[PDB]
Structure formats: structure tokens, C-alpha cells
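Since the structure comes first, as C-alpha cells, the remarks are kept for the end.
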Amino acid sequence: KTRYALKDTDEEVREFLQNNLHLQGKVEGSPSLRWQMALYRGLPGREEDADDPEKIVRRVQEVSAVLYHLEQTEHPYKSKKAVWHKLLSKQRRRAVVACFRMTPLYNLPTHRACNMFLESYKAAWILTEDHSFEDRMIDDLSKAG
Amino acid sequence: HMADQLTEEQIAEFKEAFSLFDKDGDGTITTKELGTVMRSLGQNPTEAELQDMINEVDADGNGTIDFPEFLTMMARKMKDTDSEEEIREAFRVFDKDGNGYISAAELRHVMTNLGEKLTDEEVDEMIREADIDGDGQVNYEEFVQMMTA
Amino acid sequence: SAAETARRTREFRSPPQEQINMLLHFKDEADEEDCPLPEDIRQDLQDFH
Ligand SMILES: [Ca+2]
Ligand SMILES: [Ca+2]
Ligand SMILES: [Ca+2]
Ligand SMILES: [Ca+2]
């Protein structure tokens, strides 16, 4: 399941299990496995020949893939990514609504549009204009006639 | 403010209405002037209530209604019409088509117009949060109780 | 066209003062891309300037 969390294909997990077949639990080291193994071995169709290295890795890989994707569904873990965030809406929701109902320029009265033009024209065309007259003015005033 | 509540056209219309009440043109509304227009509309009130409906809007207490007080009355009337319906317009901004549900494409349309951009996948993240029913659309009832999409 | 229609309709979703600010922003010749005015209309303002 950890390998599936690391985005591995079905072949990668199988070869990972092939090299890690010795990490399966030991019945002596765990009290829980004592009764589970006894209950597991009591089934009618359980043959010890079915515990082949290939048969073990196939069933573990199939179940692990199902188990991994199952908990991705029940626990989407998509929280803490986009939580309830109120970016600016709770105070700026009136602005975004006002944006979609903003009056276009061609619907304004002519006199109102002209006043807006004068403010825009002076800031972008008159203020931005460069006229250097200080040097010329001082030179003219410094001459005796 | 009056500029926020009223437009230039509305101010002109209110001035004409004020001049309709003020036949004299002195700039003030008296009880007889107010009473005269009420009789033209059918009502026949007494001076007791006629004074009361003047004092209810008369600010300086001079006993007469001038245009600044008349505009202030109309400004309140325009403002208090909407109390909590501001969420209705907010819902319609997300609801382009005009039905009672917010679709993911409609949520894309408003998000496209806004500054922030979505990668066509996280749009499903917040719509499923807002949509409790799981039908893929956020209705008006789901929007007011909790707003995320 | 496609989603970038928002860029073209950005003018109509802006206050009228901002709309006319964008229209007149063609003086420095480095802003002839955001301004959507035709060249003939641009010439009249430059002639008056
Ligand atoms: Ca009068
Ligand atoms: Ca008064
Ligand atoms: Ca809709
Ligand atoms: Ca729903």
C-alpha cells in the first residue's frame, strides 16, 4: 500500500514484493496471528501448496491495490487544500456583483463622459508631457539688455 | 449618500415632484399644500394627521418641508427596499443561464471573468462542497446556507 | 475565440472612468496593444494634442 501511495504500477509492486517476501509476519512473534492462522488453516480448501512465491505476491498486490484506492474514496483527504477561505468575498461580494452590472461608457450622458475624458486626458497626456523651460527662462532673465 | 442612492434622472424627477407639491414656488411645503395634493388623489385627511406626516420627515422642526428634506425622505425609501436580498444578486452572478442551479460551467464562467484562474479540476472541489445533494449543481438553498462556489 | 474573451470584455466589466483611461493609453507607442481603438480614431487625438 505504501508503494501504491508512491504511484507505482502493478509490475513495480510485484517485483517489490518478490524481493521482500521475507517480511511477512511470524506466528510466534505475534499473539494475534496465533489464532488467526489456526482459523485460516481450518478452511476446507486450504492447501499448503497454494503458498507459492508467485501466488502470494499476486493476491497481496491485487488486494493492496483495492485497499489503497478504497481509502482514497472513503477518506478523500482533499481537505486542508481548499478549506472555507473567504478570500475576499464576505466584504467584496458587492464589488464582484457590481462588476457584472457596470455601466458601459457608451450609455453615459455626453457631459458626464466629457468630464471623465478631461480627467483622463490631463493625467495621461498633459501631465506626462515634458517641457523643459527653466534653463531657457533663467538664461533670458540673466542678460543685460 | 444621495449620489449612491439616487441618479441624476431620479433627482430631476424628485424635483419635479417637489415642485408639484410646492405650487407657490417658495421652496417649502406647507400643510395646505400637502393637503391639496392629497385631495386630488382622493384622500381627505385632517390637519392633526397632516401635521404628523410632516413632522415625521421635517428635520429642523420649522414646520415646513423643503427640498433637502424631501430628497432625504426619498433617499431612505430607495435604500430600505433591499434589506438582505443582496445574496440574490450574488447568486445570479454565478447563475448565468437564469435557472435555480449553479453549474460547473457557470462557475467556470464567473471564475474566468475574475482574476483567479482554475485548472479545470479544482472547480469540482468547491462545487461538491457547496452541493450537498451531490447532483453536481448548487441551488439557491444550498448557496445561502454555506457559500463556497 | 475562447476563454480569453474575458480579456477583451475586461473593458466592459470596469468602471467608466477606467474604461476611458484604457482607451486614451496610446501616447507612448509602447501601449498600442491594450488600447482597442482603431488607428483613425487615435490620429484625431494625436492631431489635437
Ligand atoms: Ca409653498
Ligand atoms: Ca424644514
Ligand atoms: Ca444555472
Ligand atoms: Ca444540488
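Just so we're on the same page: first chain in the C-alpha cells is A, next is B, and so on; residues restart at 1 for each chain, and ligands are numbered from 1 in the order they show up.
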
Using only C-alpha atoms, find each residue of chain C with at least one atom at most 12 Å away from an atom of chain B; report its shortest atom-to-atom pair and that distance in Å (one decimal), sort the rows by chain and rising residue number, and return the result as a tab-separated table.
```
residue	atom	partner	partner_atom	distance
C:2	CA	B:112	CA	10.7
C:3	CA	B:112	CA	6.9
C:4	CA	B:112	CA	8.3
C:5	CA	B:113	CA	8.8
C:6	CA	B:113	CA	5.4
C:7	CA	B:113	CA	8.2
C:8	CA	B:113	CA	10.4
C:9	CA	B:113	CA	8.7
C:10	CA	B:113	CA	7.8
C:11	CA	B:113	CA	11.4
C:12	CA	B:113	CA	11.1
C:13	CA	B:113	CA	8.7
C:14	CA	B:113	CA	11.3
```

### Query
Which protein, DNA or RNA residues have an atom within 9 Å of ligand 1, counting only C-alpha atoms and all ligand atoms, as an MDAnalysis selection string?
chainID B and resid 21:30 32:33 64:66

### Query
chain C residues within 10 Å of chain A, counting only C-alpha atoms: which ones, as a PyMOL selection string?
chain C and resi 10-28+45-46+49

Residue subset to file, keeping C-alpha atoms, as a PDB file, in the first residue's frame:
```
ATOM      1  CA  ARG C  10     -12.423  43.342 -19.429  1.00  0.00           C
ATOM      2  CA  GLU C  11     -13.205  46.867 -20.640  1.00  0.00           C
ATOM      3  CA  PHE C  12     -16.963  46.399 -20.226  1.00  0.00           C
ATOM      4  CA  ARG C  13     -16.527  44.954 -16.707  1.00  0.00           C
ATOM      5  CA  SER C  14     -14.658  48.039 -15.482  1.00  0.00           C
ATOM      6  CA  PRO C  15     -15.838  51.427 -14.218  1.00  0.00           C
ATOM      7  CA  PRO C  16     -16.441  54.026 -16.942  1.00  0.00           C
ATOM      8  CA  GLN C  17     -13.547  56.156 -15.690  1.00  0.00           C
ATOM      9  CA  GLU C  18     -11.253  53.138 -16.035  1.00  0.00           C
ATOM     10  CA  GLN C  19     -12.719  52.359 -19.464  1.00  0.00           C
ATOM     11  CA  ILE C  20     -11.779  55.784 -20.819  1.00  0.00           C
ATOM     12  CA  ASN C  21      -8.366  55.582 -19.141  1.00  0.00           C
ATOM     13  CA  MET C  22      -7.577  52.456 -21.162  1.00  0.00           C
ATOM     14  CA  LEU C  23      -8.864  53.968 -24.412  1.00  0.00           C
ATOM     15  CA  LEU C  24      -6.564  57.004 -24.146  1.00  0.00           C
ATOM     16  CA  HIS C  25      -3.487  54.925 -23.225  1.00  0.00           C
ATOM     17  CA  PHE C  26      -1.775  55.059 -26.613  1.00  0.00           C
ATOM     18  CA  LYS C  27       0.614  58.007 -26.267  1.00  0.00           C
ATOM     19  CA  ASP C  28       3.989  56.365 -25.577  1.00  0.00           C
ATOM     20  CA  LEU C  45      -6.442  62.804 -30.511  1.00  0.00           C
ATOM     21  CA  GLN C  46      -2.786  62.988 -31.555  1.00  0.00           C
ATOM     22  CA  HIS C  49      -2.522  67.060 -28.903  1.00  0.00           C
TER      23      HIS C  49
END
```

### Task
Find the residues of chain B in contact range of chain A, meaning any atom within 9 Å when counting only C-alpha atoms, and list them as JSON, numbers by chain.
{"B": [86, 87, 89, 90, 92, 93, 114, 122, 125, 126, 147, 148]}

### Task
Produce as number ranges by chain the set of residues near ligand 2, where near means within 7 Å with only C-alpha atoms and all ligand atoms considered.
B: 58-66, 69

Around ligand 4, out to 10 Å and counting only C-alpha atoms and all ligand atoms, which residues are there? I want them as a JSON list (two decimals) with C-alpha atoms, in the first residue's frame.
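Below is the file that was written, result-v1.json:
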```json
[["chain", "number", "residue", "atom", "x", "y", "z"],
["B", 100, "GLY", "CA", -32.24, 27.74, -9.90],
["B", 101, "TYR", "CA", -28.93, 25.83, -10.01],
["B", 102, "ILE", "CA", -25.26, 26.78, -10.35],
["B", 103, "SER", "CA", -23.46, 24.59, -12.86],
["B", 127, "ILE", "CA", -18.80, 22.76, -6.14],
["B", 128, "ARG", "CA", -19.13, 19.37, -4.42],
["B", 130, "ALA", "CA", -21.37, 23.57, -1.70],
["B", 131, "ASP", "CA", -23.63, 20.99, -3.38],
["B", 132, "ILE", "CA", -24.76, 18.70, -0.57],
["B", 133, "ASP", "CA", -27.28, 16.77, -2.69],
["B", 134, "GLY", "CA", -24.49, 15.52, -4.95],
["B", 135, "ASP", "CA", -26.30, 16.29, -8.21],
["B", 136, "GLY", "CA", -23.39, 18.40, -9.48],
["B", 137, "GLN", "CA", -25.28, 21.71, -9.25],
["B", 138, "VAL", "CA", -25.54, 24.18, -6.36],
["B", 139, "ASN", "CA", -29.07, 25.50, -5.96],
["B", 140, "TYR", "CA", -30.16, 28.70, -4.23],
["B", 141, "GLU", "CA", -30.97, 26.89, -0.98],
["B", 142, "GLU", "CA", -27.51, 25.31, -0.84],
["B", 143, "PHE", "CA", -25.84, 28.64, -1.65]]
```
